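Summary of the model geometry
The chain contents come next:
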Amino acid sequence: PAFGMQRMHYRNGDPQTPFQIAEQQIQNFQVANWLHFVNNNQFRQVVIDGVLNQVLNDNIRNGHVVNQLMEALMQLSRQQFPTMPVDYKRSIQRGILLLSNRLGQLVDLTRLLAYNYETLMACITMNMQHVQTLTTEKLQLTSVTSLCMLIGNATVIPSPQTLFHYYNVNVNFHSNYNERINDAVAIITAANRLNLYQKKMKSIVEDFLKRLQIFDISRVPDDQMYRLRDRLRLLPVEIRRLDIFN
Amino acid sequence: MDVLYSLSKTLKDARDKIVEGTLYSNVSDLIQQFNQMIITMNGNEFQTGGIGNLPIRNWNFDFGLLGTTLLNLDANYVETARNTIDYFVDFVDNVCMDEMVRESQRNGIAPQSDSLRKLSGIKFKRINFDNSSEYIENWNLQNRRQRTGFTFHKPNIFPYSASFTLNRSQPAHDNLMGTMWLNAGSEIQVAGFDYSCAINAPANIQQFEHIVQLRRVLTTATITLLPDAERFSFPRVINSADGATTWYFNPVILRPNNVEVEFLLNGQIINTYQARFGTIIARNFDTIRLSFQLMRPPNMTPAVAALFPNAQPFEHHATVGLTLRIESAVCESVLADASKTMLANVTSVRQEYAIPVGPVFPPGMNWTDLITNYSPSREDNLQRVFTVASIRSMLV
Amino acid sequence: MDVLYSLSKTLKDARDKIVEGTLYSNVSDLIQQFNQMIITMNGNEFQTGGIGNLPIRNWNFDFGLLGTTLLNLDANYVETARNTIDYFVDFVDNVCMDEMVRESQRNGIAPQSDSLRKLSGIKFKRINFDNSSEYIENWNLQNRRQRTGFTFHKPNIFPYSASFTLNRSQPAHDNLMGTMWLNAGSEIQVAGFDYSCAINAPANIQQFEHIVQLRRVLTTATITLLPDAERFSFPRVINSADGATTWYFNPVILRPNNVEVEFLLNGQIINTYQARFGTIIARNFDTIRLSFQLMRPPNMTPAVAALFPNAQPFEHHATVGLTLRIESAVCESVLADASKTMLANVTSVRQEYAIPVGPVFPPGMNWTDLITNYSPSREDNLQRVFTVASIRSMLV
Amino acid sequence: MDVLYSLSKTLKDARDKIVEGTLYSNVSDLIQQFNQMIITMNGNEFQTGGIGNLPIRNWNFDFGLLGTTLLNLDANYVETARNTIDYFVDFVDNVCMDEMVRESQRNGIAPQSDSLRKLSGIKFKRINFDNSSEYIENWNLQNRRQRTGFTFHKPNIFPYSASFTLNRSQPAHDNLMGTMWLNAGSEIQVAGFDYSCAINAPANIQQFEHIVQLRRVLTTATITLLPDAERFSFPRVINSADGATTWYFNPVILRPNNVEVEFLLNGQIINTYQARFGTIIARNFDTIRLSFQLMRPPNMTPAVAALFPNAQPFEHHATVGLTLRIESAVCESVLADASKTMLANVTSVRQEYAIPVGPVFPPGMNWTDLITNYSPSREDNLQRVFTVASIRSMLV
Amino acid sequence: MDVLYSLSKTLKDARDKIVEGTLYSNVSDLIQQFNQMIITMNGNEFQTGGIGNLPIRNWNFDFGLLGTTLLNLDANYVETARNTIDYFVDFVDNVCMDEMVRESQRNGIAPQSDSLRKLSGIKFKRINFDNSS
Ligand SMILES: [Cl-]
Ligand SMILES: [Zn+2]
Ligand SMILES: [Zn+2]
Ligand SMILES: [Zn+2]
Ligand SMILES: [Zn+2]
């Protein structure tokens with residue numbers, strides 16, 4: 001509407017997002033460049049200390065890209081909105097400028113968000129695998145509005161004790177996960193090598209999941225339980241347990 | 001054709017007007033026209049070339065509109081517009097080259113290249129806007145069955161012909177009466193020569209006539225008529241009509257007598273000029289009749305009397321002449337002329353890409369052969385390619 | 001240049017459109033452009049310089065905007081606009097004159113006058129609008145290093161040269177073989193003369209070749225080629241190459257044999273026309289090679305056989321000719337031609353104010369000297385002054 | 001061109017800087033540029049090579065990005081980068097080869113291959129960054145029509161020419177006066193020989209001249225001028241000017257007298273050196289005029305007196321010589337030279353893939369023919385292919 | 001000399017790097033150096049001398065800073081930068097020419113022209129950066 005363009009008749013399942021189509025269909029450099037950044041601001045993957053990490057574009061980390069956003073929306077505040085009734089146009093442009101005129105606060109907020117993310121990610125020990133999950137965390141855009149309009153200039157970083165606690169909990173969870181995997185694999189392999197053909201590996205898998213402490217086993221689907229059994233069978237036994245078994 | 005011209009005109013206006021610093025009010029209508037062009041061309045695939053050495057080129061149109069609001073154009077606006085304009089100008093140039101290299105005996109006025117045939121679809125009619133050039137204006141007027149007119153400075157209406165007719169002759173070619181002429185372009189030099197100087201002609205007058213039939217009617221024609229023909233007034237060893245031998249011509253120029261230029265239409269006299277020289281106006285004619293007489297001077301000085309004996313041998317041959325130059329005319333059909341480059345553009349495009357000779361035009365687009373046999377199919381194809389060449393000239 | 005051109009274009013639009021009774025909607029965009037020009041120029045002091053006899057003139061701009069209140073323009077509105085326009089036209093004409101009379105060897109394309117240098121500042125870019133003239137279009141394309149095109153009717157590409165070459169000669173000048181040519185403007189007239197009529201030639205053929213190098217590449221050229229050379233077909237008394245004596249020429253014109261016209265680019269053959277006369281097209285070339293032959297007629301009637309003996313003396317010298325007129329062409333460089341008035345305007349302005357000779361142009365703006373030594377610096381300065389002359393002729 | 005250069009420069013910087021163990025702050029900007037390149041190229045299909053034997057190759061991009069938050073690059077990071085770098089280097093090399101083997105008469109400066117035409121799109125402009133090489137800098141300045149020059153060590157400005165001129169001659173070729181010269185690369189060796197040793201010349205001084213017209217202006221040129229021509233200082237048997245007979249040259253070298261070098265531009269004297277040998281500076285010139293003189297030594301020792309008798313036969317021929325070597329210069333146009341590989345690279349690519357001869361360059365990329373007929377269109381195409389060759393040599 | 005060299009090096013880097021479409025991260029340090037140059041030069045008058053036929057030229061610096069806040073450089077940015085860069089390049093070229101045509105018997109290593117002597121002041125030392133040639 002700002003550029004007088006015909007509204008996008010978007011189609012679900014299109015390999016292109018609406019912003020990817022807009023980037024090609026918009027000629028203004030401010031808006032097109034901000035759109036290009038949005039279209040490509042996906043996580044980059046990098047392994048640090050043997051842990052896969054999802055890391056941000058450097059322009060997010062230093063907050064420079066907010067300027068580009070500012071540029072784009074300043075352009076949107078100058079646009080005619082050809083057929084738009086003028087009171088609604090004024091309201092839209094003034095809200096655009098409400099976000100626009102917080103450029104310094106938004107750059108500070110982006111830098112703060114990125115720094116907190118990086119510092120806390122340093123404490124992660126298991127690979128940050130990116131998957132589209134069954135359920136989501138619902139984020140209200142009104143809360144985004146609150147954060148954007150209310151953030152000041154008071155820097156808040158994780159406390160060293162908070163970082164140590166987060167890292168310790170991550171390490172404890174990772175270590176327990178590995179130890180329960182080893183226990184389950186050792187028992188399954190012992191039962192098989194002892195020719196315990198009436199043994200149900202399902203109970204072993206359930207005990208393993210229960211010892212992981214974060215699963216309500218009654219709500220684990222059967223196909224995933226059997227897949228877990230199959231994957232546990234393929235793993236080799238840890239040396240100490242295998243020696244005891246021998 | 002109207003759509004291709006509209007594309008080219010939009011691109012030319014965009015080039016000339018979308019410039020850094022200019023007021024947006026200078027371009028608002030142009031910006032809307034340009035955006036309409038973009039909308040209409042979007043999502044369409046075109047193919048050009050594939051004939052002779054003209055390369056195959058594919059064109060896909062996915063461009064955004066210009067929606068930015070400004071008081072004055074800046075560099076960003078100009079660069080975006082320039083990218084779009086460059087792609088469109090290349091496409092239009094290729095479509096024009098593709099249409100210029102093609103011909104058909106049937107429906108030679110109709111589009112021949114696939115891209116122009118596609119552009120003739122109804123969906124592209126939205127691109128169409130101001131059709132103000134002489135060639136596109138004539139195209140539209142003709143499509144409306146309205147009388148069109150192409151103005152020509154020095155129309156190339158006469159096919160090249162340097163000929164002669166001998167009315168009295170003999171194997172020695174020493175007592176010859178006849179005419180020699182050059183009809184070239186917009187110029188006609190003619191000269192009637194009598195070797196005996198009309199010594200024995202009735203009343204001592206030898207009458208010469210020269211009829212030149214124009215392949216198309218000319219109107220509003222400004223003609224310069226001069227008494228003498230400088231091309232046939234110097235000694236000349238000319239070939240025999242069959243080429244067996246050569247004869248000698250030793251002109252001595254007398255002023256032509258009873259000069260009558262008749263401009264005729266369907267054999268009826270439209271304009272007549274008697275003993276008039278300089279600028280004359282032939283309003284509407286398809287034929288020119290030049291009648292001029294060699295009149296033996298009744299009273300001679302001894303030097304003159306010695307040049308014209310009573311009997312053979314005849315050394316000084318009495319020649320009267322005429323020069324007729326069409327400076328400007330109007331023709332309903334397209335023609336080559338001295339000021340325009342449409343023929344040259346078409347010929348250049350056909351020669352550069354090695355276009356094989358087709359079933360409509362002569363090889364190399366030779367103008368003499370083309371205008372000698374200026375058939376209706378040839379005329380249709382020529383108007384098509386000339387309109388396309390004028391559209392191409394706007395951008396290339 | 002673009003700013004000065006835009007000023008002149010705005011003034012021309014105002015003169016043509018701000019007329020009594022006209023709808024304000026006819027002029028609204030023009031009024032906005034004009035008021036933008038007024039706003040941009042207000043408060044700026046200009047001096048048009050005192051080179052030669054051009055008076056030093058000072059220019060101050062403190063004008064009010066043109067009104068927007070009338071539905072139809074009345075006489076009062078036209079008079080106020082006329083006053084402002086008259087001052088602005090005086091200024092633009094003076095700036096154009098001050099630019100035309102200046103030249104530079106180092107950067108001759110850049111502005112030389114102080115006012116045009118000031119107008120190149122960014123603050124004046126707001127004035128810039130539609131650049132639709134051929135010369136401003138070429139200026140902008142050249143600034144972007146794009147393919148420029150200047151279309152010329154009868155381009156003055158050949159420097160004036162009336163010369164002859166004698167391949168065979170003797171102190172008495174009675175058995176002469178060679179060529180004489182006039183290269184003038186867009187015309188070439190060449191003539192090969194053999195006094196013995198190729199009696200002792202290897203096959204009774206005397207070959208003549210004429211090479212004309214064009215100072216610039218010509219394209220899309222329409223060329224009339226005619227057999228005879230009327231300029232070298234009458235008796236002449238000609239100075240010897242050293243001016244010591246005078247020789248006699250008594251031409252008799254034979255039909256040129258094996259006429260081959262080559263148009264060459266970089267020494268490579270681009271266009272070839274053999275035994276073709278009338279209109280031909282040379283698509284892209286910088287050299288013309290005209291090869292023709294005086295072929296002794298194998299058969300002669302007694303008069304012809306008498307003109308050409310077997311040995312000296314020779315009274316009738318066998319001459320073959322060729323005439324080559326460039327009717328229209330396209331060149332990437334500016335040139336004088338038979339239609340445009342750029343050269344005449346620049347020369348008239350330089351002579352009217354007695355501009356001292358400078359380090360670029362010949363000391364009369366004489367075209368033969370200029371085109372003979374058409375250096376890149378000369379081309380740059382000439383393009384600048386011709387563009388300024390076109391801008392001036394929009395108003396004056 | 002800027003985009004292709006930026007791609008190649010990014011790949012070179014990735015090869016040099018993305019190395020094991022390096023601080024991320026060393027590579028952050030480069031990693032950002034590299035990722036922008038990946039993003040811009042992802043999802044784009046390219047086709048290179050459909051000319052000569054250059055095989056058709058298709059390029060698709062679906063590459064992942066590189067991390068942005070580690071402190072030091074490790075081997076894992078470099079391995080992640082290297083495969084993408086290899087694919088991109090292959091693509092850039094093929095795009096460069098595709099462009100190098102193509103030419104056009106109309107717009108030789110504009111891109112010719114499909115891939116470089118697609119890379120001219122606005123979307124790819126994001127890849128563009130530091131244009132610091134001499135060729136790309138000259139490309140960008142030349143697009144803006146700014147003054148910019150290429151610096152050449154031993155520029156190959158002279159087309160190969162080993163010729164002689166005889167001012168005094170006769171069929172026996174035993175008393176000859178004239179000059180013989182080699183023009184090759186940046187070297188002029190000229191030698192004036194008098195067989196009679198100017199015995200009967202006025203003042204016993206024989207003047208020799210040699211003019212070499214450079215096809216392009218050289219500026220700020222360093223010249224070595226030595227007073228002998230070792231190339232024309234030993235006995236030779238030389239064909240005649242028509243090849244009908246061979247004559248004999250038996251030089252004896254005398255020091256050249258009144259040695260004058262005039263470096264001229266547009267026929268104006270710019271630099272003048274008299275009796276100066278060693279290093280001289282020619283700031284701006286297109287022509288070199290060497291004037292030298294053989295003076296009879298007024299006093300001769302008995303052997304020297306025997307060498308040169310008062311009259312024929314002349315067995316020892318007095319020769320004076322000059323050698324002129326352009327060590328370095330600046331030219332606004334591109335040239336071959338002793339240091340660069342651009343010409344060699346383009347020739348190698350054209351020969352390895354059997355590129356058919358086009359309409360711009362001489363076959364086999366022969367430099368003598370190319371610099372003999374160095375037209376503006378040839379200059380455009382050569383600058384394009386030489387810039388592409390420099391871009392290619394950044395990676396290959 | 002180092003200040004004149006740093007001016008020229010900054011201008012050359014700006015001409016090579018401030019190009020349309022480029023990432024701002026490619027030019028951030030260059031933009032900072034360029035703005036430092038503009039700030040140091042603003043308000044200063046220079047006269048390049050009339051030795052020989054070299055024309056007397058006067059130079060005044062009142063320029064705006066190059067902008068930040070773009071992710072990619074656009075055409076407006078390049079145009080503004082080009083105007084400033086062209087003026088600066090003309091000034092530096094004239095200073096170099098004015099220095100190249102002068103000489104003194106003693107202290108011939110020291111600057112000779114007025115502009116280069118002015119540029120040897122402490123206030124211009126801020127311009128100085130990478131001396132790599
Ligand atoms: Cl060397
Ligand atoms: Zn006959
Ligand atoms: Zn003579
Ligand atoms: Zn070397
Ligand atoms: Zn010889």
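The rules behind these values
- Residues numbered from 1 in each chain as written, not as in the entry; some residues may be left out.
- Chains lettered and ligands numbered in written order.
- Part of a larger assembly, values for the part shown.
- Heavy atoms only, no water.
- Helix = DSSP H or I, 4+ residues; strand = E, 2+ residues; numbered from the N terminus.
- Rg over C-alpha atoms; globule rule 2.2 N^0.38 Å.
- Buried < 20%, exposed > 50% of the residue type's maximum accessible area, 1.4 Å probe, protein only.
- Contact = heavy atoms within 4.5 Å.
- Areas by Shrake-Rupley, 256 points an atom, 1.4 Å probe, with all protein chains shown as cover.
- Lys, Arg positive; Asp, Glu negative; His and termini not counted.
- Charge placed at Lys NZ, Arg CZ, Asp CG, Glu CD.
- UniProt positions renumbered as here; feature names shortened; annotations may be inferred.
- Core = buried A, V, L, I, M, F, W, Y, C linked by side-chain atoms within 4.5 Å.
- Least-squares fit on C-alpha atoms.
- Buried area = accessible area lost by both parts, 1.4 Å probe.
- Salt bridge = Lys/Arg side-chain N within 4 Å of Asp/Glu carboxyl O.
- Polar contact = N/O pair within 3.5 Å; in protein donor to acceptor, adjacent residues only side chain to side chain.
- Nonpolar A, V, L, I, M, F, W, Y, C, P; charged D, E, K, R; others polar.
- Pairing = 2+ DSSP bridges.
- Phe/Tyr/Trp six-rings, centres within 6.5 Å; stacked < 30°, edge-to-face > 60°.
- Expected span 1.5 Å × (residues − 1).
- Bend = angle between axes of the 7 residues up to and from the residue.
- Axes fitted to C-alpha atoms, helices over the stretch in contact; angles between N-to-C directions.
- Parallel < 35°, antiparallel > 145°, perpendicular 65-115°, else oblique.
- Left-handed = near helix turned anticlockwise from the far one by under 90°.
- 1 Å grid on protein atoms, 1.4 Å probe; cavity = no way out; pocket = protein on both sides within 12 Å on 5 of 7 lines; lining within 4 Å.
- Points joined across faces, edges and corners; volume = space filled by probe spheres on them.

Its PDB header attributes the entry to cryo-EM and lists the resolution as 2.36 Å.

A closer look at the overall build of chain A
A count of helices and strands for chain A gives 11 helices and 2 strands. Whereas a compact globule of 246 residues would reach a radius of gyration of roughly 18 Å, chain A reaches 26 Å, over 25% beyond that. In terms of its C-alpha atoms, chain A occupies a principal-axis envelope of roughly 80 × 45 × 30 Å. Looking at chain A as a whole, 36% of its 246 residues are labelled buried. A separation threshold of at least 6 residues defines the contact pool for chain A, and within that pool the share at least 24 residues apart is 64%. When the accessible surface of chain A is summed, it comes to about 16,200 Å², and 56% of that surface belongs to carbon and sulfur atoms. One finds the centroid of the 25 positive side-chain charges in chain A at a distance of 4 Å from the centroid of its 19 negative side-chain charges.

Section: the arrangement of the chains
Counting contacts across all 9 pairs of chains that touch, the top pair turns out to be chains B and C. The least C-alpha distance between chain A and chain C, which are not in contact, is 19 Å.

Structural notes on the UniProt feature "binding site: Ca(2+)" in chain B
Residue and element names in this part refer to chain B. What UniProt calls "binding site: Ca(2+)" maps, in this numbering, to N266 and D286. These residues run over 21 residues, yet every pair of their C-alpha atoms falls within 7.1 Å of each other. Locating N266 in the fold gives a position in the loop between β11 (257–265) and β12 (268–274). Along the chain, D286 falls in strand β13 (residues 278–295). Using a relative accessible area of 15% as the deciding quantity, one classes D286 as buried. Not counting chain neighbours up to four residues away, the residues in contact with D286 comprise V212, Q213, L214, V217, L264, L265 and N266.

Section: the nonpolar core
Most often, soluble globular proteins keep nonpolar side chains buried together rather than apart. Residues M41 of chain B together with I18 and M41 of chain C are the most contacted members of the largest nonpolar core, which totals 236 residues. Core analysis: the next-biggest nonpolar cluster, separate from the first, contains 112 residues, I31, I136, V212 and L322 of chain D among them.

Details of the relation of the copies chain B and chain C
Rotating chain B by 120° and translating it 0.1 Å along the rotation axis places it on chain C, where the RMSD comes to 0.4 Å. Both copies are brought into coincidence by an operation consistent with a three-fold rotation axis. Proximity to the rotation axis, assessed at the C-alpha, singles out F234 of chain B in chain B; its C-alpha lies 3.6 Å from the axis. Little of the interface of chain B is mirrored in chain C, where only 4% of its interface residues again form contacts.

Structural notes on the interface of chain B and chain C
Accessible area lost during the coming together of the parts is what is often quoted as the interface size. With 49 residues of chain B at the contact, the number on the chain C side is 48 residues. Buried surface at the junction of chain B and chain C, summed over both partners, amounts to about 4,100 Å²; 51% is from carbon and sulfur atoms. For the pair chain B and chain C, the number of links is 3 salt bridges. Residues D228 of chain C and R236 of chain B are paired through a salt bridge, measuring 2.7 Å at the closest nitrogen-oxygen approach. Viewed at the interface, chain C and chain B are joined by 20 residue pairs in polar contact. Of all the secondary structure elements, the ones that give two or more residues to the side of chain B that touches chain C are α1 (2–17), α3 (75–100), β5 (177–185), β8 (236–239), β9 (246–249), α7 (342–352) and α8 (367–372) of chain B. Considering every element that reaches the side of chain B that touches chain C, the biggest residue donor is α7 of chain B, with 7 residues. For the side of chain B that touches chain C, the residue count by class is 17 nonpolar, 20 polar and 12 charged. Pairing analysis gives 2 bridges linking β8 of chain B to strand β10 (residues 251–254) of chain C, with the strands arranged parallel. Across the sheet, the residue bridging to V237 of chain B is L254 of chain C, located in β10 of chain C.

Details of the packing of aromatic side chains
Residue and element names in this part refer to chain D. In this structure the tally under the stated criterion is 83 aromatic pairs over all chains. Judged by centre distance (5.5 Å) and plane angle (70°), the ring pair of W59 and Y87 falls under edge-to-face. Of this pair, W59 sits in strand β2 (residues 57–59) while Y87 sits in helix α3 (residues 75–100); the two residues are 28 residues apart in sequence, bridging distant segments of the chain. Aromatic side chains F263 and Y273 sit 6.5 Å apart centroid to centroid with 80° between the ring planes, which places their arrangement in the edge-to-face category.

Section: unusual backbone geometry
Put simply, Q312 of chain B and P313 of chain B share a cis peptide bond, and its omega is 5°. If you trace the backbone, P313 of chain B turns up in the loop between α6 (302–307) and β14 (317–331). Although it is not a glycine, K154 of chain C sits at a positive phi angle of roughly 55°. In this structure, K154 of chain C sits in the loop between β3 (150–153) and β4 (158–168). If you check the backbone angles, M365 of chain C has positive phi at about 60° while not being a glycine. Examined against the element boundaries, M365 of chain C turns out to sit in the loop between α7 (342–352) and α8 (367–372). The class of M365 of chain C is buried, set by a relative accessible area of 4%.

Thoughts on helix α2 (residues 24–41) of chain C
Owing to its 3.6 residues per turn, the α-helix aligns residues three or four sequence positions apart on the same side. Residue and element names in this part refer to chain C. Its 18 residues give α2 an end-to-end C-alpha distance of 24 Å, which sits within 8% of 26 Å, the value for a rise of 1.5 Å per residue. The largest bend along α2 reaches roughly 35° and is located at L30. Structurally, α2 contributes buried residues whose contacts are with α1 (2–17), β1 (45–48) and α3 (75–100). One or two positions beyond α2, positive phi appears at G43, with a value near 85°.

A closer look at the pattern of salt bridges
All chains considered together, the criterion is met by 68 salt bridges over all chains. Across the pair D16 of chain C and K12 of chain C runs a salt bridge, and its minimum N-O distance is 3.8 Å. Here the residue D16 of chain C and the residue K12 of chain C both occupy positions in helix α1, the gap between them amounting to 4 residues, near one helical turn. Here the salt bridges do not stand alone but share partners, grouping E179, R180, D183, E238 and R241 of chain A into one network.

Some words on the UniProt feature "binding site: Zn(2+)" in chain B
Under the UniProt annotation, "binding site: Zn(2+)" lies at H153 of chain B. Secondary-structure assignment places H153 of chain B in strand β3 (residues 150–153). Each residue touching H153 of chain B, except ones within four places of it in the same chain, is listed here: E327, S328, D337, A338 and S339 of chain B together with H153 of chain C.

Comments concerning the packing of α1 of chain C against helix α9 (residues 376–395) of chain C
Residues and elements named next belong to chain C. Axis separation between α1 and α9 bottoms out at 9 Å; the angle between their running directions is 20°. When the axis of α1 is compared with that of α9, the two are roughly parallel. Handedness of the α1/α9 crossing: left-handed. Mapping the contact onto sequence places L4, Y5, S8, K9, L11, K12 and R15 in α1 and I391, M394 and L395 in α9. Here the residues of the contact of α1 with α9 are counted per class, giving 6 nonpolar, 1 polar and 3 charged.

Thoughts on the packing of α3 of chain B against helix α9 (residues 376–393) of chain B
All names here are of chain B. Across the interface, α3 lies against α9 with an axial gap of 9 Å and an inter-helix angle of 160°. One finds that α3 runs roughly antiparallel with respect to α9. Crossing handedness for the pair α3 and α9: left-handed. Contacts from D93, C96, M97, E99 and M100 of α3 reach α9 at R384, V385, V388, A389, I391 and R392. A breakdown of the residues in the contact of α3 with α9 according to their chemical character gives 7 nonpolar, no polar and 4 charged.

As for the pairing of β3 of chain B
Residue and element names in this part refer to chain B. Residue alternation in β3 divides its side chains into a buried set, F150 and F152, and an unburied set, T151 and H153. Examined bridge by bridge, β3 and β14 share 4 bridges and lie antiparallel to one another. Along β14, the bridge assignment pairs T151 with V330.

Some details on empty space enclosed by the protein
For the coordinates displayed, the defined rule picks out 5 cavities of 30 Å³ or more. Taken as a whole, the largest cavity encloses approximately 150 Å³ of empty space. The wall of the largest cavity is formed by 14 residues, among which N140 and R144 of chain D together with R15, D16 and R82 of chain E lie closest to the centre. Residue assignment for the lining of the largest cavity shows that the elements contributing at least two residues are α5 (134–143) of chain D together with α1 (2–17) and α3 (75–100) of chain E. The dominant element in the lining of the largest cavity, judged by the number of residues it contributes, is α3 of chain E, at 4 residues. Residue composition of the lining of the largest cavity, grouped by class: 7 nonpolar, 2 polar and 5 charged. Counted as a void, the second largest cavity has a volume near 130 Å³. Going through the elements one at a time, α2 (29–39) of chain A together with α2 (24–41) of chain D are the ones with two or more residues in the lining of the second largest cavity. The biggest single contributor to the lining of the second largest cavity is α2 of chain D, with 4 residues. Taken together, the residues that form the lining of the second largest cavity break down as 4 nonpolar, 8 polar and 1 charged.

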